[PDB]
Amino acid sequence: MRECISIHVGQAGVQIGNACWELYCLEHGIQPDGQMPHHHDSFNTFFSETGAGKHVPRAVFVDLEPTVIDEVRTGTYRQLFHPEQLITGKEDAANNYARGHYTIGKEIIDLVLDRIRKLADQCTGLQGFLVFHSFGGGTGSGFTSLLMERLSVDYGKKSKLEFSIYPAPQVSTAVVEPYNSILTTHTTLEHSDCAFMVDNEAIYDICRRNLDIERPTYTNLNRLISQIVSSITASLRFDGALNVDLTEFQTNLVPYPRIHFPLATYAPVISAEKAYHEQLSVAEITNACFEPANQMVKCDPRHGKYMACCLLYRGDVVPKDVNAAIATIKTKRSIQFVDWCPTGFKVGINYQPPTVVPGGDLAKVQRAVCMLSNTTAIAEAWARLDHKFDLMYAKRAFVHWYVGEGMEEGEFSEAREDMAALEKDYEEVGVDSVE
Amino acid sequence: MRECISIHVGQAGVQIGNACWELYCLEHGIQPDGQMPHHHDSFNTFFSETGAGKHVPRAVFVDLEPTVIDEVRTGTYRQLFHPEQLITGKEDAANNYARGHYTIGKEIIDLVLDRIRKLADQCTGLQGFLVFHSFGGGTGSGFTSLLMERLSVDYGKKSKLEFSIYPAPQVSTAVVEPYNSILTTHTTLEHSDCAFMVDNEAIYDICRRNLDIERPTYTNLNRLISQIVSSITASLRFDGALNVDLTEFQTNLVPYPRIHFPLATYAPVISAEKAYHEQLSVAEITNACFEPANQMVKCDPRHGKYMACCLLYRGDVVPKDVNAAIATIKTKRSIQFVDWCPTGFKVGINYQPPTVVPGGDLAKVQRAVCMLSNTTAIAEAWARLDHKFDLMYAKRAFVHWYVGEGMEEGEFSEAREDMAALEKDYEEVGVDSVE
Amino acid sequence: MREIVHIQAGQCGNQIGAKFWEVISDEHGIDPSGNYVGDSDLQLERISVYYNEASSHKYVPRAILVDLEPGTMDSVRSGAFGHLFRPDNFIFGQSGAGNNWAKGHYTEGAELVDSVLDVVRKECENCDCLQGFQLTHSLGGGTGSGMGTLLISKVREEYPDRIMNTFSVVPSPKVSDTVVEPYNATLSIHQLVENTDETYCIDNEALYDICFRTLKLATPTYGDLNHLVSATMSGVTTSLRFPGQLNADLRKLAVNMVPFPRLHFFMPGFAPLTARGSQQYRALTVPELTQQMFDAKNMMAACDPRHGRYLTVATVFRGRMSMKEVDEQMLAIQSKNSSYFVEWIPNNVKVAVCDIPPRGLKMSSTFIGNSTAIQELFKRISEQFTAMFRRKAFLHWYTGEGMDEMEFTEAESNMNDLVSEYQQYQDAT
Amino acid sequence: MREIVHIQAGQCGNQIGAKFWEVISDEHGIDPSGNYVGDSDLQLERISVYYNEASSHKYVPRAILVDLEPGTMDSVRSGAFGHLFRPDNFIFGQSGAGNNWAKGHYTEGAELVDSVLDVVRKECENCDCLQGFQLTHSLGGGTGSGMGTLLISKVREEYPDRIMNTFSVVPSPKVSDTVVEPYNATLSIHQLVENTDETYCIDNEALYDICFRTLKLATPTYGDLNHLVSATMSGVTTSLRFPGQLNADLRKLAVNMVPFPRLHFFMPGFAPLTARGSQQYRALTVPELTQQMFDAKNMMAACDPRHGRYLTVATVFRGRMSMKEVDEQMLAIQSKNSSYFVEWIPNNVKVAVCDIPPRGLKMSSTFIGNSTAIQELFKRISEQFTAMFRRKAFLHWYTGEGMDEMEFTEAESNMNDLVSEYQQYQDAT
Ligand SMILES: Nc1nc2c(ncn2[C@@H]2O[C@H](COP(=O)(O)OP(=O)(O)OP(=O)(O)O)[C@@H](O)[C@H]2O)c(=O)[nH]1
Ligand SMILES: Nc1nc2c(ncn2[C@@H]2O[C@H](COP(=O)(O)OP(=O)(O)OP(=O)(O)O)[C@@H](O)[C@H]2O)c(=O)[nH]1
Ligand SMILES: Nc1nc2c(ncn2[C@@H]2O[C@H](COP(=O)(O)OP(=O)(O)O)[C@@H](O)[C@H]2O)c(=O)[nH]1
Ligand SMILES: Nc1nc2c(ncn2[C@@H]2O[C@H](COP(=O)(O)OP(=O)(O)O)[C@@H](O)[C@H]2O)c(=O)[nH]1
Ligand SMILES: [Mg+2]
Ligand SMILES: [Mg+2]
């Protein structure tokens with residue numbers, strides 16, 4: 001009776017959703033066709049139920065290119081989703097923000113909002129929104145900005161959580177990533193309650209070093225992000241000794257209206273062969289979470305300060321050990337919070353252990369911990385994007401596409417001003433107080 | 001709850017460790033895969049335990065050439081070690097100190113220290129360090145010097161014990177042994193709490209004469225040194241009528257900060273066929289320990305004075321007999337301690353007899369004794385090395401490799417000065433006092 | 001007679017209440033179904049004080065379970081010893097406080113407080129002679145803090161004569177389970193020092209320490225901590241739920257322990273606390289209990305009493321014992337710790353003795369110390385609040401629900417005034 | 001009444017204590033579980049002096065076991081007659097003294113001495129009328145020496161009126177089980193002559209000699225030596241743990257044997273000592289015991305009494321005997337050895353008689369001689385210390401823990417002064 005819908009925009013969102021809903025259907029013992037042969041209700045929060053034993057997800061898969069959605073319709077998860085939700089456009093934004101926010105997406109935004117409204121009104125205790133969207137793709141940035149503005153107009157005060165794919169510092173598949181990123185950030189900065197920074201480069205690094213797989217496909221990154229999402233929602237979806245709802249997330253991890261970009265982290269991530277040879281202490285996994293090499297965003301936390309942290313544990317966990325481990329973490333100097341926030345933790349414990357997906361890469365563990373940490377190091381990352389933007393704007397490169405697709409240069413200048421203001425705010429907060 | 005980690009540097013260290021951990025796994029009834037089908041806990045001091053019946057050693061096998069470590073990973077002791085510890089470099093120091101201390105080892109010293117810190121923080125009553133390293137090899141000397149400096153910086157006041165392989169007077173497999181030896185000694189002279197001199201030549205002699213094997217492999221020398229190490233640690237790892245901890249070793253056998261080079265000795269060492277025909281009196285085995293032909297360093301004790309001795313017995317031993325035997329030893333003239341130390345013994349008794357490794361060479365005995373003796377004869381040995389160095393430095397032979405690999409000639413001159421100072425200190429202590 | 005009404009706000013309050021009712025039912029010999037299967041009539045001679053005898057000879061606890069999220073409510077409902085609460089009692093909302101106090105006291109709470117007060121009124125009219133209210137809540141969680149303060153204010157409006165008990169789980173000094181807990185603590189304390197008769201401060205840190213050292217448990221689950229707090233509450237009420245050579249009631253404790261209207265914050269303590277093995281190797285005598293109860297290592301509030309003075313102390317024993325022995329022990333302990341008590345309150349030890357052990361044991365004891373050491377606690381929190389207010393961090397969440405800064409200014413000033421009063425009376429002469 | 005508290009420091013102290021409690025339990029008929037299964041009420045008439053009657057009718061020794069390494073502690077715990085010590089007593093550290101005195105008295109000991117003193121204080125307040133303390137420790141091992149001296153200093157600070165007993169295992173003259181034992185011995189003796197009432201010097205050499213020659217044992221395990229020392233201690237305390245025609249207490253021995261504040265070092269002795277076969281071929285009469293107790297070959301301290309004079313002598317008998325016989329024997333032995341006693345102390349034999357044999361015999365006897373011969377011992381050690389200090393050998397280990405040379409200078413001067421006093425009184429006239 002605490003419902004929460006999922007909205008997947010763009011190819012990244014759709015594939016991540018494939019992984020996430022595979023994970024869920026595995027968790028609650030749900031067959032791909034919605035049937036099912038500590039649990040409570042549990043699945044009601046994400047699965048609505050029809051008359052028969054068939055459950056359907058509360059997901060809205062929207063895209064402008066029918067390729068990936070068609071793959072979904074043809075995949076093993078064909079019987080599952082409500083066929084009306086799988087909204088497909090005709091011509092994708094083609095990595096162009098203007099197309100994804102002014103020209104094309106403007107013609108199916110209404111249908112998407114209609115399906116959203118139907119799903120919302122069929123629910124009673126709606127908690128909030130989960131937008132799964134990338135940052136570089138045109139559909140992702142543009143359509144997500146449009147959709148967030150529309151929802152914020154419609155649903156005045158409700159939780160709105162995003163899982164952006166922050167553009168990596170050195171590996172970029174697109175060429176216009178700075179433009180899409182800056183525009184979508186300038187838009188979503190006033191509507192998204194709490195984003196969730198994740199990058200592909202860091203996940204490549206983690207897969208190579210920790211899991212000992214040298215050649216990972218997007219399937220593996222998707223599985224990892226799905227595990228993170230499942231750990232986020234395990235509080236709603238299960239009985240825990242200290243539960244937490246998404247409103248608690250936005251209250252705890254967001255000190256100021258604008259600074260709401262916490263980065264994700266998960267532990268333990270160890271291969272099946274290395275599953276033994278370590279007992280996986282909860283203090284050990286806490287240390288793993290705080291290890292700068294385990295974060296899922298290519299930013300060294302040591303260059304900034306953790307303004308807030310939220311650690312969600314699951315499995316056979318005992319609160320005293322968590323208290324001891326967090327005390328130890330607070331003792332060390334290399335992990336230096338801001339002076340003005342003396343209490344830098346929210347703790348949540350769940351009774352259900354993480355479940356390993358068959359054919360997966362990780363090993364069956366009894367304890368797991370997902371850290372959502374809002375720090376100041378991420379600020380430097382913005383600088384990089386800013387820098388890129390400046391160069392690609394100093395020559396007015398690629399500007400003609402956006403200009404001719406329903407946008408003006410003054411908008412680019414304004415978004416640059418907004419990003420500069422955000423960087424200024426991060427720097428100002430990073431300093432210490434007097435007296 | 002008195003933990004002690006082992007650090008094996010270089011090929012010599014790694015093979016000696018193979019032998020040592022084979023011996024341990026045999027002692028505590030530990031299968032090669034860490035399972036186990038007067039004892040207490042006992043194994044906790046060297047074996048950490050995971051959730052299952054699988055125990056893992058607290059060892060850190062580090063090398064710059066992956067050959068021997070790969071042999072370990074492929075050997076029967078594959079399942080045992082924690083795979084993260086088996087740190088392998090890419091290009092070995094190639095019997096060059098500069099490579100092993102400035103160029104190559106400088107790039108994995110951090111990973112080694114990280115694993116050390118993890119293993120230490122997982123322990124509670126950490127006693128100290130066991131470095132198993134040779135003296136001639138480049139990796140051994142250079143990497144050990146670097147690692148000892150780093151650990152002494154990190155762990156301020158803790159036990160640091162080394163098992164060096166002193167370069168023999170006449171059998172030298174390397175050609176640059178004097179350089180590596182002098183450099184590593186000048187470095188480790190300020191950090192190692194207590195070294196442990198052992199040589200290959202003396203062990204060859206002992207294997208030929210006492211054990212009656214004319215063609216021994218390195219396996220046999222390794223087994224003997226492993227037996228010595230096991231006798232050293234039997235106090236920690238077992239219940240004894242008079243136990244002794246490593247801090248007691250460094251307190252008893254080290255009169256001055258610099259003179260901390262005691263040589264090892266073990267008894268009885270008799271073949272299976274000669275196991276009978278002698279009842280192996282504890283006084284007899286004490287005499288065997290003090291016999292100049294049984295020491296494991298090619299130095300005649302009669303040319304110097306025993307500044308201190310530490311005899312560790314194990315098996316069916318009775319203290320009165322030990323007292324009587326030591327009294328007799330003190331009575332004789334050819335064993336002449338320094339005047340200024342009238343009490344030249346530390347005695348330790350353990351209840352557990354030594355265990356013979358199947359497929360070994362020694363015979364099942366009921367009593368055993370390991371002597372660690374700090375004397376003055378070893379001083380002459382330094383002279384020999386000094387002499388060699390002088391010649392190989394009078395022509396500036398081989399100097400170009402070290403010069404071009406991150407070192408200066410003034411360093412060679414300084415190390416020579418330091419060795420001269422150590423020899424001077426040994427000579428000064430060897431004299432008698434007036435009034 | 002003297003029936004007591006139980007209110008449970010916030011998740012912690014509800015879990016503590018579940019364990020508490022388990023303990024009480026074990027005391028009176030009540031089956032999980034709610035019917036009496038006991039063996040001693042004295043169980044039923046006062047069964048009415050906490051229970052109501054429903055028809056067909058059943059018993060229902062006088063509980064009023066409140067929350068804003070149905071999760072923990074349903075957990076209680078499904079679990080055993082949940083099937084006897086009267087199902088109409090489970091008041092819960094849908095929005096959830098979101099760990100915010102503004103939601104828990106202004107926006108969300110204003111929609112359920114009416115139904116809660118209505119069920120409260122029904123239960124009050126049901127009782128013969130109401131004795132008082134005991135509220136079990138947190139101080140960090142939004143629901144607990146906000147809604148409990150609102151309920152307390154409303155009840156005190158409608159019953160200015162009854163007596164008020166609160167078991168507020170104070171935030172621990174070292175760890176911080178939440179991030180905005182200074183704000184919730186300050187606002188809740190403002191309301192409490194406004195309109196409460198007594199407040200039983202508890203920290204999870206002290207309970208961790210006790211379960212670790214004294215009980216020799218390396219795996220303290222929340223069940224055990226709640227079990228300890230439940231034992232404390234049962235010990236507090238047994239003075240009236242049971243006969244005794246020197247009986248006590250809640251009003252007696254309120255009169256004895258509260259010299260001034262504001263200074264009514266108590267730290268509890270329990271004894272004996274023996275591990276599973278270390279029990280038969282110790283004698284269970286009144287001197288042993290008495291000496292156990294006076295030390296920092298057995299105070300359920302994380303603050304050394306030695307840093308201040310005991311303003312007053314109450315001590316409730318159980319099981320058969322000799323009064324002279326207790327008197328002698330109290331005399332000795334008041335003599336040797338002369339610097340630990342306030343000069344101007346002679347004979348500052350209130351004593352009560354029951355006749356029934358808390359099950360399984362020979363004799364137990366409960367300590368309720370009103371000291372000046374607790375000022376440190378407030379000091380700590382105050383400072384934290386100040387810091388998090390100097391930058392106005394997290395301020396927007398609370399501002400967006402109608403509350404404004406002047407609320408925080410007044411609350412902080414009030415808490416500082418309270419600390420000043422504690423300091424003044426600590427060094428009075 | 002007159003309860004005694006037992007402290008065990010160092011590995012030797014702990015092993016001796018294990019054997020000692022085995023002996024005592026055998027005396028009073030105490031099962032390994034700690035419950036009394038004896039047959040004679042006199043066992044329980046004074047059972048309180050060493051035991052505490054824990055509830056459910058059990059008995060726990062008044063022991064306080066101290067160490068810095070959990071090894072021997074766990075060995076005691078696992079072995080039989082370990083399951084009755086009160087488990088909260090086993091205080092132990094992790095670093096271990098490392099056979100260093102600086103660690104055992106300045107660095108490591110400063111972290112556990114507080115807990116030790118706290119348990120000491122608890123036991124003291126538990127007792128009715130404290131009689132005194134007996135400390136069982138070594139003089140070579142770092143833990144024993146350092147921590148025992150620290151505990152003695154602290155206790156004497158907190159109880160300047162009680163009486164203090166120490167059973168210090170002095171280093172043997174011929175062998176040296178450790179290398180730095182002169183330093184530990186000198187520092188420990190400095191502290192002891194500062195703040196102890198009596199010190200029972202023992203050498204392992206003399207015990208070896210006794211087990212070899214007198215008992216005709218070629219295989220003396222440490223169990224046997226500890227058994228002998230335990231029998232001596234039991235004989236010392238039986239004068240008050242049991243009725244007697246002429247009873248004695250620890251204070252009586254202290255007054256009789258300690259003519260001057262500093263000169264309070266005693267060599268013990270036991271009798272009879274008969275091999276397994278050579279027993280039935282000898283008569284067990286008081287003259288036989290008395291003549292046995294006066295010879296170098298039966299003194300548990302390695303120093304011939306003939307080299308000096310007996311300043312005083314105490315003698316505690318057991319079992320049923322005739323007082324006139326004892327008096328006659330003491331008269332004869334004081335007559336014929338006239339040159340062996342000091343001139344200016346007439347009638348220098350303190351006598352006590354118990355009524356119970358030490359289990360398995362008809363009559364036994366314990367000798368406690370305060371002589372001047374022991375000066376040789378100190379002489380020896382002093383010289384050794386001087387040598388090892390002239391070169392400042394091993395000095396860095398002790399310097400690195402805050403101690404400096406002037407400590408050693410003062411301690412050596414103090415020991416030389418003590419030896420000078422012994423020499424002066426030996427040749428007094
Ligand atoms: N983590 C993860 N990221 C993905 C995956 N597939 C695509 N991406 C991200 O998608 C980005 C490409 O832009 P998209 O958002 O996919 O563009 P789109 O969704 O196809 O929409 P258009 O821009 O209109 O084409 C890349 O930067 C990738 O990081 C995936 O399987 N896992
Ligand atoms: N006792 C013993 N010594 C060995 C054994 N194997 C090699 N050594 C010693 O190793 C020395 C050779 O130098 P090493 O220390 O092995 O050099 P390394 O370990 O291969 O490292 P690099 O110098 O970089 O090649 C020889 O002097 C041998 O004495 C062994 O099995 N037993
Ligand atoms: N003693 C105890 N305290 C608890 C327990 N569960 C939660 N808490 C405390 O309750 C606080 C959380 O308040 P909660 O009721 O869960 O949040 P709310 O829904 O906003 O009221 C935390 O500070 C915890 O310290 C428990 O089982 N025992
Ligand atoms: N009589 C006796 N003496 C012992 C025994 N064990 C050890 N010792 C003596 O105790 C000394 C060692 O002290 P120890 O307590 O083991 O070292 P520590 O841990 O530093 O205190 C040695 O000089 C031994 O002579 C024993 O069983 N009996
Ligand atoms: Mg696309
Ligand atoms: Mg090599």
# chains A, B, ... in the order shown; residues from 1 in each chain; ligands from 1
>>> interface_residues(of="chain C", to="chain A", cutoff="6 Å", atoms="only C-alpha atoms", output="PDB file with N, CA, C and O atoms, in the first residue's frame")
ATOM      1  N   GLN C  94      -0.861   7.012   5.758  1.00  0.00           N
ATOM      2  CA  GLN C  94      -0.255   6.549   4.520  1.00  0.00           C
ATOM      3  C   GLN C  94       0.965   7.344   4.094  1.00  0.00           C
ATOM      4  O   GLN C  94       1.874   6.775   3.490  1.00  0.00           O
ATOM      5  N   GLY C  98       8.345  10.581   7.127  1.00  0.00           N
ATOM      6  CA  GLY C  98       9.555  10.860   6.377  1.00  0.00           C
ATOM      7  C   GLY C  98      10.679  11.369   7.248  1.00  0.00           C
ATOM      8  O   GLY C  98      11.486  12.193   6.801  1.00  0.00           O
ATOM      9  N   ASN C  99      10.735  10.907   8.495  1.00  0.00           N
ATOM     10  CA  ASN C  99      11.793  11.274   9.432  1.00  0.00           C
ATOM     11  C   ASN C  99      11.882  12.782   9.609  1.00  0.00           C
ATOM     12  O   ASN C  99      12.947  13.329   9.892  1.00  0.00           O
ATOM     13  N   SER C 176      25.121   8.447  15.506  1.00  0.00           N
ATOM     14  CA  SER C 176      23.917   9.205  15.174  1.00  0.00           C
ATOM     15  C   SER C 176      23.163   8.399  14.126  1.00  0.00           C
ATOM     16  O   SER C 176      23.560   8.363  12.959  1.00  0.00           O
ATOM     17  N   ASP C 177      22.079   7.750  14.546  1.00  0.00           N
ATOM     18  CA  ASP C 177      21.336   6.904  13.622  1.00  0.00           C
ATOM     19  C   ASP C 177      20.651   7.714  12.532  1.00  0.00           C
ATOM     20  O   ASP C 177      20.393   7.190  11.445  1.00  0.00           O
ATOM     21  N   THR C 178      20.339   8.975  12.796  1.00  0.00           N
ATOM     22  CA  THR C 178      19.777   9.865  11.790  1.00  0.00           C
ATOM     23  C   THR C 178      20.712  11.051  11.587  1.00  0.00           C
ATOM     24  O   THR C 178      21.762  11.159  12.220  1.00  0.00           O
ATOM     25  N   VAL C 179      20.308  11.960  10.707  1.00  0.00           N
ATOM     26  CA  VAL C 179      21.119  13.106  10.346  1.00  0.00           C
ATOM     27  C   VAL C 179      20.544  14.399  10.903  1.00  0.00           C
ATOM     28  O   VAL C 179      21.293  15.306  11.270  1.00  0.00           O
ATOM     29  N   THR C 221      20.583  -8.135  19.538  1.00  0.00           N
ATOM     30  CA  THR C 221      19.534  -7.738  18.618  1.00  0.00           C
ATOM     31  C   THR C 221      18.570  -6.800  19.327  1.00  0.00           C
ATOM     32  O   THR C 221      18.489  -6.780  20.559  1.00  0.00           O
ATOM     33  N   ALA C 387      25.218  24.211  15.690  1.00  0.00           N
ATOM     34  CA  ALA C 387      26.022  24.060  14.485  1.00  0.00           C
ATOM     35  C   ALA C 387      25.127  23.905  13.268  1.00  0.00           C
ATOM     36  O   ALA C 387      25.208  24.686  12.313  1.00  0.00           O
ATOM     37  N   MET C 388      24.203  22.948  13.325  1.00  0.00           N
ATOM     38  CA  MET C 388      23.368  22.691  12.164  1.00  0.00           C
ATOM     39  C   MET C 388      22.396  23.825  11.909  1.00  0.00           C
ATOM     40  O   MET C 388      21.772  23.864  10.844  1.00  0.00           O
ATOM     41  N   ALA C 393      21.447  24.449   7.709  1.00  0.00           N
ATOM     42  CA  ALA C 393      21.405  23.210   6.953  1.00  0.00           C
ATOM     43  C   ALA C 393      20.090  22.487   7.201  1.00  0.00           C
ATOM     44  O   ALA C 393      19.541  22.533   8.304  1.00  0.00           O
ATOM     45  N   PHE C 394      19.567  21.851   6.154  1.00  0.00           N
ATOM     46  CA  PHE C 394      18.343  21.064   6.241  1.00  0.00           C
ATOM     47  C   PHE C 394      17.153  21.921   6.632  1.00  0.00           C
ATOM     48  O   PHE C 394      16.068  21.399   6.903  1.00  0.00           O
TER      49      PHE C 394
END
>>> residues_near_ligand(ligand="ligand 5", cutoff="12 Å", atoms="only C-alpha atoms and all ligand atoms", output="PyMOL selection string")
chain A and resi 8-15+62-69+88-97+99-100+105+133-143+174
>>> residues_around(residues="stretch 186-189 of chain D", least_positions_apart="2", cutoff="10 Å", atoms="only C-alpha atoms", output="PyMOL selection string")
chain D and resi 101-102+105+138-140+142+144-150+168+181-184+191-196+199+378+381-382+385+407-408+410-412+414-415
>>> interface_residues(of="chain B", to="chain A", cutoff="6 Å", atoms="only C-alpha atoms", output="PyMOL selection string")
chain B and resi 50-51+82
>>> interface_residues(of="chain C", to="chain D", cutoff="9 Å", atoms="only C-alpha atoms", output="short mmCIF file (atom, residue, chain, number, x, y, z; two decimals) with C-alpha atoms, in the first residue's frame")
data_model
loop_
_atom_site.label_atom_id
_atom_site.label_comp_id
_atom_site.auth_asym_id
_atom_site.auth_seq_id
_atom_site.Cartn_x
_atom_site.Cartn_y
_atom_site.Cartn_z
CA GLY C 277 27.38 -18.48 33.17
CA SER C 278 28.39 -15.86 35.72
CA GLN C 280 25.68 -19.08 40.04
CA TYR C 281 29.04 -17.55 41.00
CA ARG C 282 27.43 -14.54 42.67
CA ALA C 283 25.19 -14.04 45.70
CA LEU C 284 21.80 -12.37 45.20
CA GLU C 288 24.70 -6.69 45.92
#
>>> select_by_dssp(residues="stretch 3-48 of chain C", states="helix (DSSP H, G or I)", output="VMD selection string")
chain C and resid 10 to 28 42 to 45 47 to 48
>>> select_by_dssp(residues="stretch 329-399 of chain B", states="strand (DSSP E)", output="list in words")
residues 346, 347, 348, 349, 350, 367, 368, 369, 370, 371, 372, 373, 374 and 375 of chain B
>>> residues_around(residues="residue B:145", least_positions_apart="6", cutoff="6 Å", atoms="only C-alpha atoms", output="ChimeraX atom specification")
/B:184,187-188
>>> residues_around(residues="residue D:345", least_positions_apart="5", cutoff="12 Å", atoms="only C-alpha atoms", output="PyMOL selection string")
chain D and resi 256-257+259+309-313+334+338+340+350+425-426+428-429
>>> closest_residue(among="B:371, B:423, B:355, B:22", to="residue B:78", atoms="only C-alpha atoms")
B:22
>>> closest_residue(among="B:7, B:312, B:296, B:104", to="residue B:119", atoms="only C-alpha atoms")
B:7
>>> closest_residue(among="D:326, D:239, D:26, D:252", to="residue D:360", atoms="only C-alpha atoms")
D:26
>>> residues_around(residues="residue B:150", least_positions_apart="6", cutoff="10 Å", atoms="only C-alpha atoms", output="PyMOL selection string")
chain B and resi 109-110+113+144+191
>>> write_last_selection(atoms="N, CA and C atoms", output="compact mmCIF listing (two decimals), in the first residue's frame")
# COMPACT_ATOMS: atom_id res chain seq x y z
N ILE B 109 55.06 -1.75 -3.69
CA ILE B 109 55.19 -1.61 -2.25
C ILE B 109 53.88 -1.14 -1.64
N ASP B 110 53.14 -0.30 -2.36
CA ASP B 110 51.89 0.23 -1.83
C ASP B 110 50.84 -0.87 -1.72
N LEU B 113 51.78 -3.06 1.24
CA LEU B 113 51.43 -2.41 2.49
C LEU B 113 49.93 -2.43 2.72
N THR B 144 63.04 -6.10 0.80
CA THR B 144 62.97 -6.24 2.24
C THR B 144 63.38 -4.96 2.94
N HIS B 191 66.15 -0.94 11.64
CA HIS B 191 64.73 -1.24 11.74
C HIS B 191 64.44 -2.64 12.25
>>> residues_around(residues="residue D:23", least_positions_apart="4", cutoff="7 Å", atoms="only C-alpha atoms", output="VMD selection string")
chain D and resid 19 27 230
>>> closest_residue(among="A:432, A:215, A:204, A:422", to="residue A:189", atoms="only C-alpha atoms")
A:422
>>> closest_residue(among="D:28, D:227, D:6, D:162", to="ligand 4", atoms="only C-alpha atoms and all ligand atoms")
D:227
>>> closest_residue(among="C:132, C:226, C:218, C:152", to="ligand 3", atoms="only C-alpha atoms and all ligand atoms")
C:226
